[PDB]
Amino acid sequence: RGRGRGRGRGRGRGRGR
Amino acid sequence: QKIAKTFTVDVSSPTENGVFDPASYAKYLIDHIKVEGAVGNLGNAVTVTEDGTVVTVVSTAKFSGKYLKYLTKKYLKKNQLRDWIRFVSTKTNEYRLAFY
Amino acid sequence: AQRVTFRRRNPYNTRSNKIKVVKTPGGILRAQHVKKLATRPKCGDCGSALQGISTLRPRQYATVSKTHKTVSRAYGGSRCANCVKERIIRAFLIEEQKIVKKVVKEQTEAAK
Amino acid sequence: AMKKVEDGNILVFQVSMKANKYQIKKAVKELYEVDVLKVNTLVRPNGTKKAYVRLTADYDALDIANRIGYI
Amino acid sequence: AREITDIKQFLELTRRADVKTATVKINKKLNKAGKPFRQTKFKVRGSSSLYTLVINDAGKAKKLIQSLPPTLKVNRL
Amino acid sequence: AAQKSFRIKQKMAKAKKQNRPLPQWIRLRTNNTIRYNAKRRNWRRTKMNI
RNA sequence: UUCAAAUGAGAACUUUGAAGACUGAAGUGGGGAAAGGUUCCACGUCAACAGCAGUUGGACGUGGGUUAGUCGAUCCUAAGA
RNA sequence: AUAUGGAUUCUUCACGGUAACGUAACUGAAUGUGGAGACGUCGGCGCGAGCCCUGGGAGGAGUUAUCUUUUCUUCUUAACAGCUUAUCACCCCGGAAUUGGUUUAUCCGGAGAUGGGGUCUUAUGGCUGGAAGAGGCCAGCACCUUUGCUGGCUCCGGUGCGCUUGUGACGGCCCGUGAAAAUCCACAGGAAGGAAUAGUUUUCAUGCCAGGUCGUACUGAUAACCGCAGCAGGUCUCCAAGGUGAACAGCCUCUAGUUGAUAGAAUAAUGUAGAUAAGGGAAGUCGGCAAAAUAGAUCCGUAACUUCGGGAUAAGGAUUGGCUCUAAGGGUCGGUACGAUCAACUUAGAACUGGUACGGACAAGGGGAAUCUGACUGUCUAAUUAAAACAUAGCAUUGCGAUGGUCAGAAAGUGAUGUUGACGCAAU
């Protein structure tokens with residue numbers, strides 16, 4: 001929703017390959 | 001070209017109560033009026049006369065009614081009299097001292 | 001050190017919302033809405049403002065008298081007073097030229 | 001509204017929404033046999049119309065206001 | 001809001017069959033550089049404008065008051 | 001606002017008269033089930049949307 | 001922010017006085033447009049609301065208030081419909 | 001609506017001025033013409049208004065150990081009316097080179113300058129009326145009280161690269177030249193109507209009547225609007241005091257407005273925000289990330305390279321307070337020569353002085369040597385990617401001469417380019 005709770009796009013965080 | 005103006009102060013009201021002296025107040029104006037700089041230049045410019053109940057000031061030099069009130073207010077503060085004596089004007093250039 | 005506000009409902013600085021600061025007899029500063037200034041009438045062909053005519057708003061020209069909107073000379077409130085004198089030389093000379101050209105045409109078929 | 005009667009010489013009435021200033025001036029002029037100087041009207045926030053009827057100097061508002069009956 | 005300078009034209013305005021109220025105003029003014037004088041202002045209320053006439057001489061001030069018609073209501077000061 | 005048409009002001013007058021609690025004497029009637037005004041409107045909680 | 005007084009069952013928060021401060025005039029000033037719709041004002045009230053408190057309130061209850069020949073709409077036309 | 005007065009008419013529909021044109025008035029239909037409405041932006045200059053600053057004087061208040069003819073405050077004039085008033089412009093006289101006039105800014109003159117004498121516009125200003133009777137500042141009285149009553153003063157000036165704003169005459173800019181209509185007026189025109197015992201004009205003056213309908217309170221925002229709300233978010237505009245300074249910067253104060261954000265007691269760790277550190281000076285780190293240093297003004301000095309315009313505040317140095325003085329830069333008045341008087345912050349210079357400090361707070365560029373890349377200004381992924389991506393000027397190609405090119409629509413007596421025409425439009 002907001003600027004927090006980030007899970008999807010990522011530079012080196014989760015949801016990679 | 002330099003016609004003089006006469007300033008009269010009514011001193012009858014405070015002297016009936018005994019708290020004011022006209023002779024002592026008249027001498028205070030002699031050694032405190034500044035003409036052309038410092039004090040002591042009353043060269044036929046300012047004269048102060050009194051008859052025991054009213055003080056008359058006749059000046060031909062630069063002497064306004066605000067300077068007379070300014071000097072009178074300093075005299076009352078020296079004698080601790082700025083809490084029963086006011087310097088009001090009944091009309092133009094004619095002042096009085098209200099005791100109440 | 002006294003600020004003033006608008007006197008009407010329009011809050012924008014448009015061309016019809018000019019403000020002049022006026023000191024009132026009450027001793028306070030107060031805004032006064034002024035009208036848009038009138039433009040002097042112009043001549044029909046030279047573009048210069050002809051003299052002798054008052055400069056008013058068009059609909060208040062119907063309230064002023066006759067002498068403020070015209071000049072006693074012909075073509076008074078329309079021309080530049082040198083525009084009139086220019087079309088008199090042209091009106092007199094051309095009609096004088098048009099009749100001396102008619103007798104030159106008469107010279108042709110009468111002698112060929 | 002009653003404060004305006006004694007000093008302003010102005011009568012306050014409730015007026016139907018369809019009436020204009022000509023009809024208020026005409027109706028007051030003959031229902032109370034008075035002369036009307038000017039009529040001022042407004043629409044109250046409850047949906048009714050309130051009119052300020054001012055009488056001329058020949059008549060007074062106070063001695064006519066109690067003639068209807070209200071005071 | 002109009003000023004009248006002629007005293008003969010002023011008397012014609014008082015008999016215009018519509019003016020009902022006239023006012024006389026006494027103004028305490030002073031001359032060029034010396035003594036104060038008594039300035040008077042005779043104002044006549046018409047139907048579209050207020051005509052006024054100012055006289056700086058006290059000799060002619062009293063003379064004009066008796067010349068006014070008595071049907072005109074004069075309001076002193 | 002403050003420069004509005006008559007149709008907007010006519011609807012504002014009806015909402016002012018409807019802003020009233022339930023009268024006290026209705027609750028004493030026979031077979032009465034109304035206990036409070038359920039259609040009460042306030043400018044701070046619900047906008048009337050003109 | 002502090003002190004005193006007043007009101008009240010009850011006062012760190014209400015009111016008044018005094019003191020100390022801030023917004024520094026592209027303002028926390030004075031007015032309007034859009035928008036809101038009685039929040040404006042007075043009196044009475046403190047169950048709920050004002051994420052503490054409350055005698056106070058944009059709260060609750062009851063009433064009062066918007067006056068135009070000159071200010072606007074109304075009229076004209078623009079992109080357009 | 002009409003009346004009264006005026007004006008005109010027996011030369012029927014007015015006179016004056018050489019002229020520009022002037023007046024209290026001083027017939028004008030059909031139709032035609034013209035003007036106003038009606039206009040960009042920037043730049044300096046002139047003028048006006050309000051504010052700021054300031055002198056004298058008349059009142060009130062503050063301070064007074066000492067000093068201070070002191071500090072603060074009041075001294076105001078609306079719409080409208082009459083008279084008058086200017087830059088520009090125009091008229092008459094006159095005939096210019098020994099060329100003259102003239103703006104801050106170089107334009108004007110035998111297509112008639114300079115000069116002399118006039119005309120007009122009335123933004124604006126001035127005087128008077130409105131209008132002191134108002135409002136304001138004080139004093140003297142009355143007194144539960146509806147509360148007033150009586151006296152006064154309200155005056156005369158100065159200054160400007162000042163601030164805000166209005167306006168005037170100009171100049172710069174465009175392959176950009178920067179709305180329309182309602183409405184009002186004038187002119188051309190001569191259709192009609194008109195005098196003599198009498199008529200006409202309500203564009204001259206005065207007098208009479210009427211002017212309807214709807215909106216009108218308040219907020220306009222760290223509480224009245226939109227965000228689930230009494231949310232540090234979002235939301236258009238007007239008015240703008242003093243000091244410091246280039247400044248609507250920052251900082252302090254006046255008018256005005258708030259003192260509202262749950263408090264109290266202590267001062268552990270770890271935090272958030274702000275800071276300081278001896279010696280070394282990037283050894284830290286993917287990486288000078290972060291922080292520090294530099295900073296205003298004046299003077300000196302300034303390279304390679306270059307499209308010759310730049311680079312450039314290049315780089316690199318010095319000075320800066322206070323106090324006492326000196327010099328220079330003006331306005332106005334009577335004369336064919338000089339004084340008198342009055343009013344501005346600008347610059348330069350010299351002594352003295354200090355714990356060597358002085359853009360003392362605030363404010364305020366790190367720089368240099370090269371490579372890759374895009375020419376530059378500009379634009380985009382609202383809420384992870386601002387870039388070398390897009391756009392751009394330039395360059396080149398293609399289609400089309402209207403029964404046409406490109407594209408739209410179910411159709412259509414339908415459209416866009418096109419209010420267009422190859423120096424154009426359309427496609428790359």
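We name chains A, B, ... by the order of the sequence lines, and we start the count at 1 in each one. Just so you know, these numbers use all the heavy atoms, side chains as well, and skip hydrogens, waters and symmetry mates.
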Touch class at under 4.0 angstrom, heavy-atom based, for F:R40 against every strand present: sugar-phosphate
Contact nearer the 5' end of RNA chain G, comparing F:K4 with C:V4: C:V4
Groove type within reach of F:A2 side chain, 5.0 Å cut-off: major
Gap in Å between the two P atoms, one belonging to H:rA391 and one to H:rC380, rounded: 15 Å
D:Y32-D:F13 aromatic ring centre distance below 6.0 Å: yes
Nearest-angstrom distance, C1' atom, H:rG401 to H:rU420: 13 Å
Consecutive-base stack H:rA277 to H:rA278 per 5.5 Å / 30° rule: no
Test item: side-chain donor near acceptor, E:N27 and E:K25, under 3.5 Å: yes
Axial cation check for E:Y51 ring with E:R45, 6.0 Å and 45° limits: no
N or O in side chain of C:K18 less than 4.0 angstrom from H:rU165 OP1/OP2: no
Any C:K20 side-chain nitrogen or oxygen under 4.0 Å from OP1 or OP2 of H:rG166: no
Distance, P atom - from H:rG116 to H:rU103, rounded to whole angstrom: 16 Å
Nucleotides H:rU122 and H:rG207 paired (Watson-Crick or wobble, under 3.5 Å): no
Sorted by number, the residues of residues 54-63 of chain C with heavy-atom contact under 4.0 Å to RNA chain G: none
Of residues 34-57 of chain D, the positions that come close to RNA chain H - non-hydrogen atoms, cut-off under 4.0 Å: D:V43, D:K49
Sugar-phosphate, base or nothing in reach of B:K91, heavy atoms under 4.0 Å: sugar-phosphate
Two-distance pair criterion under 3.5 Å, Watson-Crick or G-U, for H:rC107 and H:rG404: no
Residue pair H:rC187 and H:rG378, Watson-Crick or G-U wobble, under 3.5 Å both: no
Between H:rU54 and H:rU244 - P atom distance, rounded Å: 12 Å
N/O (side chain, C:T67) to phosphate O (OP1/OP2, H:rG22) under 4.0 Å: no
H:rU313 and H:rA303, which share atom name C1', separated by this distance in whole Å: 16 Å
Check: E:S49/E:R2 side-chain N/O donor and acceptor closer than 3.5 Å: yes
Touch class at under 4.0 angstrom, heavy-atom based, for B:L71 against every strand present: nothing
Phosphate contact (H:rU203 OP1 or OP2) by C:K66 side-chain N/O below 4.0 Å: no
Any C:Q32 side-chain N or O less than 4.0 Å from OP1/OP2 of H:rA79: yes
Pairwise P distance, H:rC127 and H:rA139 [rounded to whole Å]: 34 Å
Sugar geometry class by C1'-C2'-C3'-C4' for H:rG242: north
Canonical Watson-Crick or G-U pair H:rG110-H:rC149, 3.5 Å limit on both distances: no
D:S16: side chain to side chain contact (heavy atoms under 4.5 Å, CB included) partners, not counting sequence neighbours: D:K18
C:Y61-C:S54 side chain donor-acceptor pair, cut-off 3.5 Å: no
Base-over-base contact, H:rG366 with H:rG367: centres under 5.5 Å, angle under 30°: yes
Sugar-phosphate, base or nothing in reach of B:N93, heavy atoms under 4.0 Å: sugar-phosphate
Under 4.0 angstrom between B:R86 side-chain N/O and H:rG60 OP1 or OP2: no
Donor-acceptor side-chain pairing of E:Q39 and E:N56 below 3.5 angstrom: yes
H:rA265 on H:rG264: ring centroids within less than 5.5 Å and planes tilted under 30°: yes
H:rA249 and H:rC137, which share atom name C1', separated by this distance in whole Å: 42 Å
Planes under 30° and centres under 5.5 Å for H:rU63 and H:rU64: yes
Donor-acceptor side-chain pairing of F:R40 and F:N19 below 3.5 angstrom: yes
Any B:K62 side-chain N or O less than 4.0 Å from OP1/OP2 of H:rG56: yes
Pairwise P distance, H:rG56 and H:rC42 [rounded to whole Å]: 45 Å
Syn/anti label of H:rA97 as read from its glycosidic torsion, with the cut at 90° from 0: syn
RNA chain G: 5'-most and 3'-most nucleotides touching chain D, 4.0 angstrom heavy-atom criterion: G:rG65 to G:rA68
Wobble or Watson-Crick pair present, H:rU353 with H:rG321, both under 3.5 Å: yes
Those residues of residues 3-33 of chain D lying under 4.0 Å from RNA chain G by at least one heavy atom: D:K4, D:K21
Near-strand residues of residues 41-50 of chain F, defined as heavy-atom separation under 4.0 angstrom from RNA chain G: F:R41, F:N42, F:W43, F:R44, F:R45, F:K47, F:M48, F:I50
Touch class at under 4.0 angstrom, heavy-atom based, for F:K9 against every strand present: sugar-phosphate
SG(C:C80) to SG(C:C83) below 2.5 Å: yes
Nucleotide H:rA210 sugar, north or south by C1'-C2'-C3'-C4': north
